[PDB]
Amino acid sequence: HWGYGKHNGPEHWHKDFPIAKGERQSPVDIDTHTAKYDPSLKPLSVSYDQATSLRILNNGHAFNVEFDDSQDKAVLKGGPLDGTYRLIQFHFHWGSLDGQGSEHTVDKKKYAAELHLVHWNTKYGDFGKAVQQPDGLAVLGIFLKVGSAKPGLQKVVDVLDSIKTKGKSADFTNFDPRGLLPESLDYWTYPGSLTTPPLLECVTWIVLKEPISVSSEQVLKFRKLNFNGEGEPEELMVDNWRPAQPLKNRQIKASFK
Ligand SMILES: [Xe]
Ligand SMILES: [Xe]
Ligand SMILES: [Zn+2]
């Protein structure tokens, strides 16, 4: 169906997914001058100690690293969240050039890429149920800039060659997502949506202020993936990011300063 091309990209999504023009769409630009510190925000708690990765796959839009979410072995809580959210998967959005790639932007600045760690509200029983709730998901967003290599990302990079085309997957166990986090947990938060169809407005966004650094060698590997399946014409998987959407009547709160 949809994609990131000129004929099926973000500008076309609204036809099959009318909520694309909704009141709480993501991503959005973060204006640091208007996103003010909220002294009522509680400390963010990221507990990934017992994370249990299962596999990594190419869904034709990006690559997902799936986790076993049967227990509270990897959860996100605190911050703006009411309750506990279980980690189910993470994926990235990146560009064809270093100057673009992230979905969220800070004072209009675009980063080379953006990592999204997806979690669902345990009060709803399972992911399917949660996604149809305004407070069903919590996505932790982390910016990536090019510089020093990120050791915690190498395990991922080293297996991308096995899932080059759409539809391929491979077992991916013992991956520790803690290796993808920056030093600081300072963040900005606002009510939003999934950034890809169905674009459901069920997400509480938590975007970290501090980006992590990854090497050019690492980003280059991401850019070698393909949107296409095995056999069809090669279509490099690059620029799989949705542009900033209107903030509308929303507020972006800062956990710091
Ligand atoms: Xe569904
Ligand atoms: Xe990347
Ligand atoms: Zn995403």
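The figures follow:
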{"quantity": "Contact order relative to length of the chain, as percent, for alpha carbon pairs under 8 angstrom and 6 or more apart", "calculated": "26 percent"}
{"quantity": "For the range 67-108: Kirkwood Rh in Å [reciprocal of mean 1/r, alpha carbons]", "calculated": "13.2 Å"}
{"quantity": "Cα-based shape type of the range 109-231, given that a ≥ b ≥ c are square roots of the gyration tensor eigenvalues and the cut on a/c is 1.5", "calculated": "oblate"}
{"quantity": "For the range 1-112, Kirkwood radius (reciprocal of mean inverse C-alpha pair distance, Å)", "calculated": "17.2 Å"}
{"quantity": "q = 0.11, 0.13 Å⁻¹, the chain: log10 I(q)/I(0) [Debye, one scatterer per Cα]", "calculated": "-0.56, -0.81"}
{"quantity": "DSSP bridge orientation in the chain - percent antiparallel, rounded to nearest 5", "calculated": "80 percent"}
{"quantity": "Sites matching GluC sites (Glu not before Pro) across the range 130-228 that sit in DSSP coil, with at most 11 neighbouring C-beta atoms within 10 Å", "calculated": "183"}
{"quantity": "Filtered trypsin sites (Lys or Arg not before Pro), the range 14-44: DSSP coil and at most 15 other beta carbons within 10 Å", "calculated": "36"}
{"quantity": "Local electrostatic count, residue 66, Cβ distance below 13 Å [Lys/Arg +1, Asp/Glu -1]", "calculated": "-1"}
{"quantity": "Inter-site label distance for residue 98 and residue 33 at 7 Å from Cα along Cβ, in nm", "calculated": "2.8 nm"}
{"quantity": "Cα-projected label distance for residue 162 with residue 210, points at 7 Å along beta-carbon direction, nm", "calculated": "3.2 nm"}
{"quantity": "Segment residue 50-residue 176, length gained on full extension (0.36 nm per residue, minus Cα span)", "calculated": "44.5 nm"}
{"quantity": "Nearby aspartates and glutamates by direct alpha-carbon distance to residue 6 (threshold 15 angstrom, same-chain neighbours under 8 apart not counted)", "calculated": "235, 239"}
{"quantity": "Listed residue pairs exceeding 27 Å between alpha carbons, taken from 21/257; 145/257; 73/129", "calculated": "21/257"}
{"quantity": "Volume in Å³ per residue [convex hull over Cα atoms, computed for the range 88-152]", "calculated": "110 Å³"}
{"quantity": "Most mobile of 101, 125, 22 in a GNM of the chain (Cα contacts under 10 Å)", "calculated": "125"}
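Values quoted throughout were computed directly from the atomic coordinates according to the rules given, and no laboratory measurement underlies them. Because the Cβ atoms are built from the backbone with ideal geometry, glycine has one as well, and the counts that use them run over all protein chains shown.
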